[PDB]
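# Structural features, examined
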Amino acid sequence: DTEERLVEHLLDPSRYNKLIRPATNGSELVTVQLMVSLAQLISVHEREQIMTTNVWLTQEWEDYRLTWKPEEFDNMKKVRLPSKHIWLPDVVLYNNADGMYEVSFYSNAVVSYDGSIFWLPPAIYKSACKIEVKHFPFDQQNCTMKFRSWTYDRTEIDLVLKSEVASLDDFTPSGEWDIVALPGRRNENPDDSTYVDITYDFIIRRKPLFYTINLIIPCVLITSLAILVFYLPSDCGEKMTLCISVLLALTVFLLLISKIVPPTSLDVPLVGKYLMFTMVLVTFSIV
Amino acid sequence: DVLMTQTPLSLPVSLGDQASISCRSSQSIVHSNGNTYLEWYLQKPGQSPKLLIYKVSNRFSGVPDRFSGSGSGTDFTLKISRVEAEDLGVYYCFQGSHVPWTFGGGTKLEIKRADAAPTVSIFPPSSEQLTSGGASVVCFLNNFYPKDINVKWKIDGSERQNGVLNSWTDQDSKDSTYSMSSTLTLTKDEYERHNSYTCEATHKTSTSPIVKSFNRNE
Amino acid sequence: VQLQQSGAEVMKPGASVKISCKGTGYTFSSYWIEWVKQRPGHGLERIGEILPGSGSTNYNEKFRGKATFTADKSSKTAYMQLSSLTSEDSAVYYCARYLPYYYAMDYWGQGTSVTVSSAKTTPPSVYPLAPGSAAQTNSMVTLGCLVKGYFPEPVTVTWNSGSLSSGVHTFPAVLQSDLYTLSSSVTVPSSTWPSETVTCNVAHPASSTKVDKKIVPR
Amino acid sequence: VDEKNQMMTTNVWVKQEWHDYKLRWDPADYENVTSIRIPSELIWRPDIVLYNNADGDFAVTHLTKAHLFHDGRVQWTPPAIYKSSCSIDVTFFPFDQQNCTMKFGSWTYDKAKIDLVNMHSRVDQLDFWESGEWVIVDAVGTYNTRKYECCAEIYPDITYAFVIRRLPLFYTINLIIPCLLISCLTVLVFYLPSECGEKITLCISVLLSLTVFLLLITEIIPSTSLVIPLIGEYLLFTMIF
Amino acid sequence: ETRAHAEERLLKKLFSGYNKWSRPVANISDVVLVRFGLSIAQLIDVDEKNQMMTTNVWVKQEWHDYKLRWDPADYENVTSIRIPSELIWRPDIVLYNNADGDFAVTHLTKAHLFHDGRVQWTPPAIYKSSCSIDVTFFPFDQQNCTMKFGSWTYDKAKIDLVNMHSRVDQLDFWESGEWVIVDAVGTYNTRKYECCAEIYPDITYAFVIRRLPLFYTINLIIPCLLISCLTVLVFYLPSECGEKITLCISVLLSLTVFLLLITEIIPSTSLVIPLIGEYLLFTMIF
Ligand SMILES: *[C@@H]1O[C@H](CO)[C@@H](O[C@@H]2O[C@H](CO)[C@@H](O[C@@H]3O[C@H](CO)[C@@H](O)[C@H](O)[C@@H]3O)[C@H](O)[C@H]2NC(C)=O)[C@H](O)[C@H]1NC(C)=O
Ligand SMILES: *[C@@H]1O[C@H](CO)[C@@H](O)[C@H](O)[C@H]1NC(C)=O
Ligand SMILES: *[C@@H]1O[C@H](CO)[C@@H](O)[C@H](O)[C@H]1NC(C)=O
Ligand SMILES: CN1CCC[C@H]1c1cccnc1
Ligand SMILES: CN1CCC[C@H]1c1cccnc1
Ligand code: NA
């Protein structure tokens, strides 16, 4: 019962407004503490440079017009509220692809009698990160993800990290990929004096055995046939079939390995480079 | 594994002197990003290691400015401006390029001053040990410098090496000297058959070996 | 932040030992925890690191199949199962926090001493060290208080409540056959020894042994 | 069940039953009415979210109507299309058993306010549709409680484990039997005499055919480097030989 | 006395009897100005097969009205306030070159108002334009893509577009790795359609870009250029071995496979023929 009267007292459209953000004493900044929590890295479509993650981002901020006297209301401490009605500092990716920006669920938020708000909606994010594919597959991937309020500059809000590292209490082993460290850092452009943002860096490592067994063994296996054709005697008349077949197989593997690598013309994969070299060698062999 | 070589093993330098230590890698430890991730560690005797330099081109937040480190793509050098009494200990290298990570070999570092005259004293067994039936001759060598010294045991003019226990401590702080004890443990039945037991010490500060002998039957 | 470890541990060779690492004051399940092995002789070598969030583990190529880590997320504790143990691994083990490619190694543990030897319990010993019979009386004289056959470490061998503290010498422990043997020495003027009553005291907390024995001349 | 992405796309009816003291009335006063059907948007609705989502909906988004009885009871039955992510264990391909989990729970309430009590120990299958590829061995429900770093209280959850099997006829008639058949030619080359002079052609043909079958099977298995598929092991073994 | 109370009172005052669909102008005869600009977040994709450029674009629109003005000294020195754009008028700027995509921005972010009556709005958007892909110098190609923004139901007699920057800003560019922007030019134009007697303004943005050749030059053209060096090689091989027809068939089928392969990647356009395609067909004939 008293919960309903509490909600009607707090959520009065005539008394409480949503479009204006709280501030006192000459437009003081409202500190917004956000920290990320990685659920499970679900996929890395390396061909499209898209990383799909499940994220729980927690956000805390102080708000003064929402307070109430806890003594009168049966000594209640915390109350649940909908997100669509109380104001909320927008925090969304920038390097996000797919058009999707905001969170998916719009959860309920916890409100204490002091006025602090602690809110965490879960979401799925599709970030865009460049693939430094040189040591395929024995490599590392450096994916960046940025948070920032697209609507407010550093004049009403100010983002502050809670902890230096992303939390992994609700993590599951991603299977193929294995994480190393999840650093986070607050950037600050002094030239703009308005630009703020939080950047989390994900350094990811690939467990190599799958690709190894699937591609490296057949590749070196068939390319061991390079210097093999010449020990064959010419009188039998069979060099042509073997050599042309080897060249064809190498072309096939080249096309495949070019299909799996993202078309990043910034650099050439090492495996592809070696395979092109041995292709030139085997055509010199055929001539 | 990228093995690491530290040079030298021990570099005794006096208070206020500048000391340089080199730390070389078996391979190149520069990461593809363009930054070489190496760590310097300081351990004090009886305590856990401390930090002075991370990301060599940078410095730790909490360490004074007297420390400095730099180096090329492979050769690395840790430099100290003025040695204080606090910087006593052993240094270490830690590379952060390839998996797995590895440490160095350990670089010993203490203070250096003039030589010293070794004070040698030999102790025969006591009455309580003779009551038990043992024979332990302890030969103390205190307040000497440097560590270049050798202890030789003679029994009736015969060199003895079995039963010799040689221990030595680190450089003391208030006097900057070394100490070394040599214990020879024998049975009481063997103490009553021999005549002369001799502890001899050969040190650079003495042209003649310091001889300390005692006779059983006198 | 703060780190905790287990207490002292002893066990017969061939068995297994599990040591614990407690962490608080930070996000325990967010970054790596690596351990450092330090033999009492020299050097620093690693044993491996784990990520308390996942089961991502790695080991140094020298200690494969020797140790097996285990982490817990609910209770902020990291464990390590130890394989068939030999008397060559009796050393001191550490623990520390680490994060690759960025700021790292800013705190440590307090140190875990593990000792492995075939022994159960031996009380510490009394055996004074009397001067030689044939010796020239000088201005000063060194003293001796020998202790044999005790286990395990540590022991506290001091003089009379610290009355004679200047010039003492406490050596590290060295095996003879299976136990430990130490001695203490100090230089005193010869004009006071035949007059002042001096007695070395031995304190062993692990056995609750408080024994002193007055040293008298011959 | 897309194993290359490790994503299970399922169609589920959710049945939620509860009651409160506010929506009660007296049937003897309103011409003997017992139940009425109203859009769930207007009444309270407990949030039930699944934690194992991957490119899908967190909350059920169709907002169907709900039944109210006279005593205050309320019944709700929305349909949903879920996309979960389960670790596909491909070792006995294709003769495989898959164990995939789905974790449902409340979001902004502890056990001290909302408690989840599973009506049935098993999942209903009365309106199930036979896929033709997958048969359900069993669907077990389990009640658990956990605790997250956010909060002090404990939080309830329900974990459903689907253990299912793959009907092997399609794969065992199209994929494993052709490669097992062409594997009967790796030794046949040695019995062929040299003077005819076509042995190298047989070797090349066999090797490239095995390479093609391996490059084709590397698509349907996941990119999971925890274990190796048995068929991949067999094919690579035959390629080495 | 807090800032929130003053801003709430101001928002209540200036939204009393304001209509949205009323075109806010001092007089009916007077026109409005819409300062216009773009920024590129990232070049998402250029599908030359389907002839579609998908881009991520921040749209900057600047104008002003007379009804949404106030005084800063009456509300504790407030000058800028942010409000949802759905509650105010908004000149519908649409692109005419769409292909199965959003005609207008769909996020409808918030916008800034100043005390003088100035208003600024900056929504993100994902656009899918259509390019006249000219593939002759493949892969060493330059692409000239066009996008065409403008009002929809407003003539030049009421709204007059004015470009802010002659070039497209690139401060928040993301290096795609496949395409580098050579330059981007804006042009103001006016057309006269058949519906109406009035003239309609428009802004044409032309992107001239190049393809990074390093990738395709090491995976598509080097193998075919290599295997093309065998069609003349079969003649020198003597007849008595008996495998020349094998080499010829191998060469011809491999060239056919490479030709069929490249016809996937280049657009199915009949205006011009790819140079590589012509060379490969020439080699097949010979
Ligand atoms: C993954 O990519 C990110 C972004 O490129 C890398 O962050 C960059 O790291 C470098 C080197 O640490 C930073 O340079 C440093 O900048 C500070 C501040 O100006 C300066 O004091 C240092 O001397 C150094 O120049 C650079 O700022 C940073 N980029 C940012 C924060 O935007 C990160 O290193 C990459 N991860 C790996 C493993 O390489
Ligand atoms: C499936 O996994 C669940 C959760 O771990 C487990 O409890 C259950 O035993 C598994 N099913 C089978 C048949 O092993
Ligand atoms: C691109 O096309 C536009 C519109 O016709 C034209 O004006 C411009 O000159 C072209 N760009 C180049 C580099 O030719
Ligand atoms: C209990 N929920 C499960 C994960 C997050 C946590 C939570 C805590 C407070 C408010 N909402 C959600
Ligand atoms: C002037 N607009 C530009 C193209 C179509 C034309 C139009 C015609 C009728 C109604 N609205 C717009
Ligand atoms: Na053929």
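Residues numbered from 1 in each chain as written, not as in the entry; some residues may be left out. Chains lettered and ligands numbered in written order. Part of a larger assembly, values for the part shown. Heavy atoms only, no water. Residues with missing side-chain atoms left out of burial classes, pairs and counts.

As deposited, the entry is annotated with cryo-EM as its determination method and 3.9 Å as its resolution.

## Brief notes about the nonpolar core
Our working definition: Only buried residues count toward a nonpolar core, which is a set of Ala, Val, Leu, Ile, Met, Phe, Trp, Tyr and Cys residues joined through side-chain atoms within 4.5 Å. Only protein chains enter the area calculation, which uses a 1.4 Å probe; residues under 20% of their type maximum are buried, those over 50% are exposed, and those in between are partly exposed. The helix and strand labels rest on DSSP assignments: H or I over at least four residues marks a helix, E over at least two residues marks a strand, and numbering proceeds from the N terminus.
With 135 residues, the main nonpolar core has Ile217 of chain D together with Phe36, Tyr127 and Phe149 of chain E as its most contacted residues. Here this core gets eleven residues from one element, more than from any other, and that element is helix α3 (residues 239-260) of chain A. Of all hydrophobic cores here, the second largest spans 83 residues; its members include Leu34, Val55, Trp177 and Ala181 of chain A.

## Side note on the interface of chain E and chain A
Think of interface size as the accessible area that goes away when the parts come together; that is how it is often given. Here is the rule we go by: Contact criterion: two residues are considered in contact whenever any of their non-hydrogen atoms come within 4.5 Å of each other. Once two parts are joined, some of their accessible surface, as seen by a 1.4 Å probe, is lost; buried area is that loss totalled over both. Put simply, a salt bridge is a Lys or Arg side-chain nitrogen that is within 4 Å of an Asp or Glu carboxyl oxygen. Here a polar contact means two N or O atoms within 3.5 Å. Within protein one must be a hydrogen donor candidate and the other an acceptor candidate, and residues neighboring in sequence count only if both atoms are side-chain atoms.
On the side of chain A, 42 residues touch chain E, which itself brings 40 residues to the contact. Of the roughly 3900 Å² buried where chain E meets chain A, counting both sides, 67% is carbon and sulfur surface. In this assembly, chain E and chain A are joined by one salt bridge. Here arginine 82 of chain E and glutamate 156 of chain A are joined by a salt bridge, their closest N and O atoms 2.6 Å apart. Taken together, the connections running from chain E to chain A amount to six residue pairs in polar contact. If you list the elements that add at least two residues to the side of chain E that touches chain A, you get α1 (3-14), β2 (52-64), β3 (80-84), β5 (110-114), β7 (124-129), α2 (216-219), α3 (221-227) and α5 (244-265) of chain E.

## Structural notes on the UniProt feature "disulfide bond" in chain D
Residue and element names in this part refer to chain D. Rule in force here: To count as a disulfide, a pair of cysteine sulfur atoms needs to be within 2.5 Å. UniProt positions are given in the numbering used here, feature names are shortened, and annotations may be inferred rather than shown by experiment.
UniProt pairs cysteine 86 with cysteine 100 in a disulfide, and the coordinates agree: the sulfur atoms lie 2.0 Å from each other. Of this pair, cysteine 86 sits in the loop between β7 (79-84) and β8 (97-106) while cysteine 100 sits in strand β8, and the two are 14 residues apart along the sequence. Among the residues examined, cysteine 86 registers a relative accessible area of 5% and is labelled buried. Residue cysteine 100 is classed as buried on the basis of its relative accessible area of 3%. Measuring from sulfur to sulfur, the annotated disulfide partners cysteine 150 and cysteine 151 are 2.0 Å apart, close enough to count as bonded by the 2.5 Å criterion.

## What to know about the state of the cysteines
Tallying each qualifying case throughout the model produces eight disulfides over all chains. One disulfide in the model links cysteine 23 of chain B with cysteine 93 of chain B; its S-S distance is 2.0 Å. Residue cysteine 23 of chain B is found in strand β2 (residues 19-25), and its partner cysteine 93 of chain B is found in strand β7 (residues 89-95); the two are separated by 70 residues along the sequence. Judged by relative accessible area, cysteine 93 of chain B falls into the buried class, the value being 0%. The partner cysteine of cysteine 145 of chain C in its disulfide is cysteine 200 of chain C, sulfur to sulfur 2.0 Å. What sets the handedness of the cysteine 145 of chain C and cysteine 200 of chain C disulfide is the S-S torsion sign, and at about 65° it is right-handed. Taken together, the residues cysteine 145 of chain C in strand β14 (residues 145-150) and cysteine 200 of chain C in strand β19 (residues 199-204) connect sequence positions 55 residues apart. For the pair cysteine 145 of chain C and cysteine 200 of chain C, a shared accessibility class is recorded, and that class is buried. Regarding the disulfides, chain D carries the connectivity 1-2, 3-4 under sequence-order numbering of its bonded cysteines.

## Let's talk about the arrangement of the chains
Taken together, the six pairs of chains in contact show their highest number of contacts between chains B and C. What separates chain B from chain D at the closest point of their C-alpha atoms is a distance of 19 Å, and the two make no contact. There is no contact between chain B and chain E; across them, the least C-alpha separation is 17 Å.

## Concerning the UniProt feature "binding site: Ca(2+)" in chain D
All names here are of chain D. As annotated in UniProt, the feature "binding site: Ca(2+)" corresponds to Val1 and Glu3 in the numbering used here. Within the secondary structure, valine 1 sits in the segment before β1 (8-13). Once residues within four sequence positions are removed from consideration, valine 1 is found in contact with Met7, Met8, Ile88, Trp134 and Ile164. Checked against the element boundaries, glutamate 3 lands in the segment before β1. Using a relative accessible area of 8% as the deciding quantity, one classes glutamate 3 as buried. Ignoring anything within four residues of it in the chain, the contact list for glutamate 3 reads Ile88, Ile220 and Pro222.

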